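Some notes on the structure that comes next.
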Amino acid sequence: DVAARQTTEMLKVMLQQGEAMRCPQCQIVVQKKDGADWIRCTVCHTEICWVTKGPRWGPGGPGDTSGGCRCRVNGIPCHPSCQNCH
Amino acid sequence: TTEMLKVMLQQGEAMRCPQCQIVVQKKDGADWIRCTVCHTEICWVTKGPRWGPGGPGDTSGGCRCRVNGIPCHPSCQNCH
Amino acid sequence: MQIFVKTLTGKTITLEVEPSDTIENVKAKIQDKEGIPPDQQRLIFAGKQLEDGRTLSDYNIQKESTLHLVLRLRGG
Ligand SMILES: [Cl-]
Ligand SMILES: [Zn+2]
Ligand SMILES: [Zn+2]
Ligand SMILES: [Zn+2]
Ligand SMILES: [Zn+2]
Ligand SMILES: [Zn+2]
Ligand SMILES: [Zn+2]
């Protein structure tokens, strides 16, 4: 059972350092390897804004700015370090 | 032939119907098949019943595709 | 024997393995069962990322042990 706690602690550290997050739709743990400021979840196909660690879009999917990070709505990037979160 | 059917089942190109247990061959391209004998709906991409015993719509069993926005399998395009 | 792999929050899959199976073998069983390419899989046990060439034995992974699956995905 010491195993379980070592893994819980490792994940906690990954989350805190920004190396991992939970997919906001299906809740699997995801990491980003290289590339731009976004990823697509393999399990559920949700687009994830990595630079804000949250969904790129609202529940209508790509194009739906009723939720998500709303990058560039009214011309305002979602985060000052964003280069391309799709 | 029956000998080739034995191999398809062996290799996963066929499955047994989850309701009636008869051999069902793959429909290439499709993630869903309707059994020709008992007419039940099969999720081919997860190789199981599409629905619970209540029939279409009953997510008390089956693959539960799209419940809470989660597809039944990462490769699923449409299992009805 | 059997081992468990945590996937979505609260969800676990069960796998049929041998003490001698390699990590690459396990990731192949995950792909067969869940559809996740092995190059996207990172497996963790007891706080360590598992290396593809070692075996359940090397990592002291026994029956009813639980691994955690993490998806490693390329940025767009
Ligand atoms: Cl999306
Ligand atoms: Zn997801
Ligand atoms: Zn964004
Ligand atoms: Zn952005
Ligand atoms: Zn049938
Ligand atoms: Zn399905
Ligand atoms: Zn489906």
Side-chain angles (χ1 to χ4, degrees), chain A residues 22-30 40-46 59-61, chain B, chain C residues 1-17 25-38 40-41 43 63-64 66-69 71:
Chain A
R22 297 272 182 183
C23 172
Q25 185 76 24
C26 75
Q27 299 300 321
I28 204 173
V29 177
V30 296
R40 188 182 287 116
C41 182
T42 301
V43 166
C44 72
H45 314 308
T46 297
Chain B
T1 60
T2 59
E3 172 62 28
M4 180 183 182
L5 205 68
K6 181 167 70 71
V7 170
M8 293 175 70
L9 204 58
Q10 157 75 232
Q11 290 176 341
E13 299 159 17
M15 67 185 281
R16 297 196 171 282
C17 176
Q19 181 178 322
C20 83
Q21 291 292 314
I22 215 69
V23 176
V24 177
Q25 293 184 47
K26 182 172 176 178
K27 181 187 186 72
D28 61 23
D31 299 308
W32 170 96
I33 300 165
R34 184 183 291 290
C35 178
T36 199
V37 175
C38 76
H39 290 224
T40 204
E41 298 190 25
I42 300 173
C43 176
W44 173 266
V45 67
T46 63
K47 309 292 181 295
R50 175 60 181 89
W51 306 108
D58 180 14
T59 49
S60 72
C63 72
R64 305 184 84 245
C65 197
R66 308 302 174 78
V67 175
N68 296 311
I70 303 176
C72 66
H73 188 279
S75 295
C76 183
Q77 296 177 274
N78 170 28
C79 69
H80 292 216
Chain C
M1 67 173 182
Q2 261 178 347
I3 65 171
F4 310 107
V5 186
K6 300 175 75 166
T7 63
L8 319 190
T9 291
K11 175 169 171 281
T12 296
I13 71 185
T14 306
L15 294 187
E16 290 294 317
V17 301
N25 283 332
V26 175
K27 290 175 178 176
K29 291 164 170 298
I30 289 170
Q31 170 174 50
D32 292 344
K33 185 182 223 91
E34 296 296 297
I36 297 164
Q40 289 182 16
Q41 300 177 36
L43 293 167
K63 193 171 181 196
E64 316 295 318
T66 294
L67 288 45
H68 203 124
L69 172 66
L71 292 184

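Note that these values count all heavy atoms, side chains included, but never hydrogens, waters or copies made by symmetry. Each chain gets a letter, A, B and so on, in the order the sequences are listed, and its residues count up from 1.
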Please give me the minimum heavy-atom distance between [X] and [Y], naming the atom from each residue.
{"X": "B:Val23", "Y": "B:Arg16", "answer": "CG2-NH1, 3.7 Å"}
{"X": "C:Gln41", "Y": "C:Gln31", "answer": "NE2-N, 3.8 Å"}
{"X": "B:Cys76", "Y": "B:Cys79", "answer": "SG-N, 3.5 Å"}
{"X": "A:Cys44", "Y": "A:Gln25", "answer": "SG-CB, 3.8 Å"}

Are more than 12 heavy atoms from other residues, nucleotides or ligands located less than 6.0 Å from atom CG of C:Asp32?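 It does: C:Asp32 CG has more than 12 such atoms within range.
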Side chain of [X], backbone of [Y]: donor and acceptor closer than 3.5 Å?
{"X": "C:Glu64", "Y": "C:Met1", "answer": "no"}
{"X": "C:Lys33", "Y": "C:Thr14", "answer": "yes"}
{"X": "B:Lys47", "Y": "B:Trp44", "answer": "yes"}

In Å, rounded to the nearest 0.5 Å, how long is the span from [atom1] of [X] to [atom2] of [Y]?
{"X": "C:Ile3", "Y": "C:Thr66", "atom1": "CD1", "atom2": "OG1", "value": "8.5 Å"}
{"X": "C:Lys63", "Y": "C:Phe4", "atom1": "NZ", "atom2": "CZ", "value": "9.0 Å"}
{"X": "C:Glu34", "Y": "C:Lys11", "atom1": "CD", "atom2": "NZ", "value": "4.0 Å"}
{"X": "B:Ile33", "Y": "B:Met15", "atom1": "CD1", "atom2": "CE", "value": "7.5 Å"}
{"X": "B:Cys17", "Y": "B:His39", "atom1": "SG", "atom2": "NE2", "value": "10.5 Å"}
{"X": "A:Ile28", "Y": "B:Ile70", "atom1": "CD1", "atom2": "CD1", "value": "10.0 Å"}

Give me each pair satisfying side chain to side chain donor-acceptor pair (under 3.5 Å) with a member in residues 20-34 of chain B, each pair once, sequence neighbours excluded.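 Output for this query lists B:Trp32-B:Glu41.
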Side chain to side chain donor-acceptor pair (under 3.5 Å) partners of residues 53-65 of chain B, not counting sequence neighbours, each pair once: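 Those involving residues 53-65 of chain B are B:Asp58-B:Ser60.
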Can you run down the salt bridge (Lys or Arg N to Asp or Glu O under 4.0 Å) pairs that involve residues 4-15 of chain B, sequence neighbours left out, and say none if there aren't any?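 Listed once each, the pairs are B:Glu3-B:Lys6.
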Test log, rule side-chain contact (heavy atoms from CB on, under 4.5 Å), inputs C:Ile30 and C:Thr7: CA-CA 11 Å; C:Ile30 289 170; C:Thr7 63; over 6 Å; no
How would you list, by chain and number, every residue that makes a side-chain contact (heavy atoms from CB on, under 4.5 Å) with C:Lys29, sequence neighbours excluded?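 side-chain contact (heavy atoms from CB on, under 4.5 Å) check on C:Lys29 returns C:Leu15, C:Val17, C:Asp21.
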Sequence neighbours left out, what passes side-chain contact (heavy atoms from CB on, under 4.5 Å) with B:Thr46? Give chain and number order.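 With sequence neighbours excluded, B:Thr46 shows a side-chain contact (heavy atoms from CB on, under 4.5 Å) to B:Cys43, B:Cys63, B:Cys72, B:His73, given in chain and number order.
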Please identify each residue that fulfils side-chain hydrogen bond (donor to acceptor under 3.5 Å, both in side chains) with C:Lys6, with sequence neighbours left out.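 Expected list: none.
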Can you tell if the side chain of B:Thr40 reaches within under 4.5 Å of the side chain of B:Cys20, non-hydrogen atoms only?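 No, side chains not in contact.
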Could you check whether any side-chain heavy atom of A:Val30 comes within less than 4.5 Å of a side-chain heavy atom of A:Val43, counting everything from C-beta outward?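 No - every pair of side-chain heavy atoms lies 4.5 Å or more apart.
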Candidate pair B:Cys65 and B:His80, rule side-chain contact (heavy atoms from CB on, under 4.5 Å), full reasoning: CA-CA 8 Å; B:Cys65 197; B:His80 292 216; over 6 Å; no
